[PDB]
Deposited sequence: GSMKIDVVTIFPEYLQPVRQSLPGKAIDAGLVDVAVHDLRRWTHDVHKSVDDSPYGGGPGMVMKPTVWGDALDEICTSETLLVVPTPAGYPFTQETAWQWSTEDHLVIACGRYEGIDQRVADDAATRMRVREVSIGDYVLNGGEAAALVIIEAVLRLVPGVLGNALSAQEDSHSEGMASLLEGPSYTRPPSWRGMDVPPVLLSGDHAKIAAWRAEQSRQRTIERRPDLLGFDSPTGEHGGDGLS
């Protein structure tokens, strides 16, 4: 798998040089494709309003150079479809991901619209909160996808040694050698924790 990340903060994605030569991850400074001596990457939004919108001419040139017809173009955005584990599984078999990191106010919509006439494009949000930029979302997506590269209910509490620590004992069932019972106990712990923390999953 090849992953190209485009960002105005290239140093952000250097740590995730975490291996083993199975994937290739390359980070590109978006300013490579700017046109002016000021290296401008955004401009005031049409229709008014706060913040800036990233320039289509800059992104268009960047994607033109980096993408191919086989590319899956990932665009993290707070207005995106949800990125889920199912999404990660799907993307883990792709030959080429390109992740376009932009500010939360967005990239000119015509960039994605144009790219979508030539390649597959996925606009996705990693959660119901707002980040200033796509870089952290890129990190999350890269981690979730790459750990799947062949290279329900919540999980309940986990325990390890020692059997007693600061007045708290490991649940005796876990030491019982009754593995059918252990499974049933873990199932109940999962049900209770899911009810408490994520009733939506039920």
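Enquirer: Counting from 1 along the deposited sequence, give me every gap where there's no C-alpha, start to finish.
Expert: In sequence order, the gaps with no modelled C-alpha are 1 to 2, 22 to 28, 161 to 178, 230 to 244.
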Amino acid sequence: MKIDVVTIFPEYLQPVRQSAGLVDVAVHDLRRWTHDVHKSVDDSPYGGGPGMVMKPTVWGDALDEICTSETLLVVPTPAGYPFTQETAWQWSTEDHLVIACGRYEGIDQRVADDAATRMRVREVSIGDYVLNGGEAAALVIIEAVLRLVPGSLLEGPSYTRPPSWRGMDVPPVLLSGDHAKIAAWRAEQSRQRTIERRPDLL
From here on, numbers count along this sequence of modelled residues.
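We call the rigid core whatever largest set of C-alpha positions still superposes within 1.5 Å between the two forms.
Enquirer: On a core superposition, give the stretch, 72 to 80 or 102 to 110, with the larger average C-alpha separation from this form in 9 other deposited structures of this protein (RMS over structures and residues).
Expert: When 72 to 80 and 102 to 110 are compared in 9 other deposited structures of this protein, 102 to 110 lies farther out.
Enquirer: Is it the case that at least a third of the other compared entries omit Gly21, given both of its neighbours are modelled there?
Expert: Residue status for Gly21: gap in at least one third of the other entries.
Enquirer: Tell me which stretch has the larger mean Cα B-factor in this entry, 130 to 138 or 41 to 49.
Expert: The recorded data point to 41 to 49.
Enquirer: Mean CA temperature factor from the deposited coordinates, higher in 177 to 185 or in 9 to 17?
Expert: Comparing averages over the C-alpha atoms only gives 9 to 17.
Enquirer: Is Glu94 in the lowest, middle or highest third of its chain when residues are ranked by C-alpha B-factor?
Expert: Top third by C-alpha B-factor.
Enquirer: Hey, what third does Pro172 fall into on Cα B-factor, ranked over its chain?
Expert: It belongs to the middle third of the chain when residues are ordered by C-alpha B-factor.
Enquirer: Could you tell me which third, lowest, middle or highest, the C-alpha B-factor of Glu86 occupies within its chain?
Expert: Top third by C-alpha B-factor.
Enquirer: Among the modelled residues of its chain, does the C-alpha B-factor of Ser158 lie in the lowest, middle or highest third?
Expert: Middle third, going by the recorded CA B-factors of the chain.
Enquirer: Is the Cα B-factor recorded for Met54 in the lowest, middle or highest third of its chain?
Expert: Lowest third, going by the recorded CA B-factors of the chain.
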